[PDB]
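Take a look at the structure below.
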Amino acid sequence: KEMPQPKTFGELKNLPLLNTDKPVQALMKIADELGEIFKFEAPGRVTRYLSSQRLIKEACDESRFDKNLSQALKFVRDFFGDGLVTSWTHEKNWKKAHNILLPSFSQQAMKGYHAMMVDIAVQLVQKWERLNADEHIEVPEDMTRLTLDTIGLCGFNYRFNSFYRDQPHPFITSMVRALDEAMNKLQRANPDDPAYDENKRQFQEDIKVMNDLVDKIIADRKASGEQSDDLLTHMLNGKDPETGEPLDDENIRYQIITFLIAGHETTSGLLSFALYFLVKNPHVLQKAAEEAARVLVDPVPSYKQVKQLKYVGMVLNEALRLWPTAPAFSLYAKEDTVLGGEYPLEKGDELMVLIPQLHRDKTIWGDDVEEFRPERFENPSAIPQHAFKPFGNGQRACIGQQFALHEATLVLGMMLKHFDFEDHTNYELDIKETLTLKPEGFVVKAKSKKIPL
Ligand code: HEM
Ligand SMILES: Cc1c(C)c2c(c(C)c1O)CC[C@](C)(COc1ccc(C[C@H]3SC(=O)NC3=O)cc1)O2
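Counting the sequence shown from 1 gives a position; my numbering is that position plus 9.
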């Protein structure tokens with residue numbers, strides 16, 4: 010069977026078809042035109058974009074396909090290094106760091122993080138309680154304050170104190186510019202053109218800002234008199250059983266950057282999308298708010314109570330269905346093989362999973378895929394099989410999935426308990442792309458219910 014492919018432009022291949030600050034959304038349109046799979050070429054690389062659960066199910070067979078470092082991950086590696094997100098599965102430091110850091114996401118560890126998550130969540134609530142009537146909330150900006158500070162405190166006993174800053178934290182500003190640069194590099198035909206010299210200088214400056222922050226985290230741990238057993242403790246003290254060696258210093262720095270960035274950006278996106286869909290679906294908002302009030306009966310939430318916020322969890326999963334904030338992951342063929350009994354692949358051929366398209370496969374989800382309907386997830390028998398992949402696949406799946414969802418469920422529950430939300434601008438959804446996805450310009454007003462904290 011012939012591989013669908015969009016129009017090419019000489020030696021620029023398909024690259025002119027993007028030329029946009031919203032490439033994933035452009036690729037979704039192409040997927041809608043060409044179906045479950047299409048080839049996409051740029052100068053120097055080829056990708057096959059998958060959109061159907063039928064093909065993606067096969068791609069997730071780890072006996073035939075392994076995680077690929079997409080060009081995007083290769084660019085992000087310029088500051089993620091060989092951390093968990095940007096290392097090959099057979100790169101020694103991936104398995105070594107995975108074994109050393111997996112205990113930091115056990116159930117017992119999660120319970121240990123709860124109190125610190127509440128610390129930051131309380132700061133978010135208090136900020137909104139203290140706004141004057143003429144003010145409003147910048148949603149993604151405040152969700153970023155919350156999620157960055159949470160991973161900073163839980164993972165590294167470091168306080169970014171983002172709620173003590175009225176502009177984005179400098180680490181965030183450098184992160185956004187670095188992620189934007191990586192995304193933009195995917196589309197530029199002549200990367201060595203002098204017109205990009207300033208981009209390269211800024212990219213290095215933003216990488217330095219990140220590493221100056223890592224220095225403070227390491228210095229502050231060295232000076233601490235308290236005893237921690239958090240993510241940073243495992244980075245520093247965990248051993249490879251085979252060699253008796255810890256992660257080398259260079260890798261540790263990369264893991265810190267990896268977890269600070271990967272450990273908050275997509276969770277901020279999730280919370281922003283969730284609040285967007287809530288204010289656009291008032292009956293769903295009422296049901297979620299009713300659950301929050303019913304379950305969160307104490308001055309602050311306990312770990313167990315967060316687990317009883319079932320419908321809030323459905324809201325979050327349904328937000329991830331429509332707009333998975335890490336919208337793609339990449340695989341490569343371990344050997345020559347045939348995909349879906351139709352598409353021959355050669356060893357090393359790249360398959361890119363378009364998660365937003367997977368999550369809109371009507372043969373799986375029904376015809377109403379564009380509706381925000383958390384009840385999709387209320388009746389177990391009616392939820393599809395391997396059709397929902399916001400956290401990746403297999404042994405390279407998200408290590409922090411339960412960290413993210415516990416944080417998001419806790420915070421969204423507290424938000425719904427303490428405020429009524431008004432979409433005072435009738436905001437039109439505008440999804441900013443920085444590889445990851447997040448609403449931009451999303452503002453609301455929050456009227457306190459005056460419930461003490
Ligand atoms: C909505 C929130 C999040 C989403 C949607 C998400 C999604 C993903 C996805 C799709 C992958 C796989 C990417 C690939 O296959 O190349 C991944 C990997 C990873 N995520 Fe997340 N993630 C989230 C939050 C977090 C958090 C909070 C942390 C840490 C605190 C984290 C740590 C990681 C790590 C370490 C990996 C790589 C694991 C490995 O390959 O060994 N993520 N994430
Ligand atoms: C949890 C998490 C993940 C997984 C994460 C990132 C963050 C910040 C996270 O919090 C950053 C980007 C990145 C390293 C990579 O995300 C990608 C997004 C899109 C793509 C697709 C390429 S194909 C194209 O032409 N346009 C793209 O963006 C690849 C990777 O992933």
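In this text, a Cβ means the ideal position worked out from N, Cα and C, and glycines have one as well.
Report all residues from its chain with a CB closer than 7 Å to the CB of residue i; omit the five preceding and five following residues, and keep chain order.
i, result
"residue 112", "118 and 243"
"residue 120", "312"
"residue 103", "93, 96 and 97"
"residue 310", "127, 419, 422 and 423"
"residue 22", "50, 51 and 52"
"residue 278", "334, 445, 446 and 447"
"residue 249", "105"
"residue 451", "148, 149, 281, 285 and 436"
"residue 183", "215, 218 and 219"
"residue 67", "348 and 349"
"residue 5", "Within the shown structure, residues of the chain are numbered from 10 to 462, placing residue 5 beyond reach of any answer."
"residue 200", "194"
"residue 271", "94"
"residue 320", "296, 297, 300 and 383"
"residue 64", "45, 46, 348 and 349"
"residue 29", "35"
Please tell me whether residue i and residue j are closer than 8 Å, where the distance is taken between their beta carbons.
i, j, result
"residue 4", "residue 222", "The chain is shown only over 10 to 462; residue 4 falls outside these bounds and no answer can be derived."
"residue 449", "residue 149", "yes"
"residue 237", "residue 166", "yes"
"residue 327", "residue 382", "yes"
"residue 31", "residue 440", "yes"
"residue 134", "residue 462", "yes"
"residue 337", "residue 363", "yes"
"residue 324", "residue 297", "yes"
"residue 163", "residue 403", "no"
"residue 226", "residue 245", "no"
"residue 88", "residue 232", "no"
"residue 292", "residue 153", "no"
"residue 378", "residue 146", "no"
"residue 156", "residue 276", "yes"
"residue 432", "residue 456", "no"
"residue 85", "residue 191", "yes"
"residue 427", "residue 460", "yes"
"residue 27", "residue 196", "yes"
"residue 230", "residue 241", "yes"
"residue 366", "residue 40", "yes"
"residue 109", "residue 247", "yes"
"residue 414", "residue 368", "no"
For residue i, which beta-bridge partners are listed by DSSP?
i, result
"residue 54", "51"
"residue 128", "Note: residue 128 sits in no beta bridge, so no partner."
"residue 65", "In DSSP, residue 65 forms no bridge with anything."
"residue 96", "None, per the DSSP bridge assignment."
"residue 442", "446"
"residue 430", "455"
"residue 419", "DSSP lists no partner for residue 419."
"residue 4", "No information on residue 4 is available, as it lies outside the stretch 10 to 462 that the chain covers here."
"residue 74", "342"
"residue 59", "46 and 362"
"residue 146", "453"
Leaving out five residues on either side along the sequence, give the residues of the same chain with a beta carbon under 6 Å from the beta carbon of residue i.
i, result
"residue 79", "339"
"residue 76", "98 and 405"
"residue 90", "263"
"residue 425", "297, 298 and 301"
"residue 82", "95"
"residue 159", "126, 129 and 416"
"residue 294", "287"
"residue 304", "314, 317 and 318"
"residue 101", "none"
"residue 169", "157, 158, 161 and 178"
Apart from the five residues on each side of it in sequence, which residues of its chain come closer than 8 Å, Cβ to Cβ, to residue i?
i, result
"residue 358", "55, 57, 341 and 342"
"residue 17", "23 and 50"
"residue 33", "336, 337, 363, 365, 442 and 446"
"residue 283", "324, 325, 328, 417 and 421"
"residue 307", "314"
"residue 290", "381"
Problem set entry | At least 3 beta-carbon pairs within less than 8 Å: the stretch 358-373 vs the stretch 392-408 | yes
For this session: Within the stretch 276-325, note down every full alpha helix (DSSP H) run reaching 4 residues or more, in order along the chain.
Result: 291-304 and 312-316
Exercise. How about the stretch 412-424 and the stretch 436-452: do they share at least three Cβ pairs that are nearer than 8 Å?
Worked result: no
For this session: Determine contact between the stretch 41-50 and the stretch 10-27, defined as no fewer than three beta-carbon pairs at a distance below 8 Å.
Result: yes
For this session: Taking only runs that begin and end inside the stretch 170-243, name each unbroken alpha helix (DSSP H) of 4 or more residues, in chain order.
Result: 179-194 and 206-232
Problem set entry | Start-end ranges of the beta strand (DSSP E) lying completely within the stretch 341-409, minimum 3 residues | 346-348, 352-354 and 359-363
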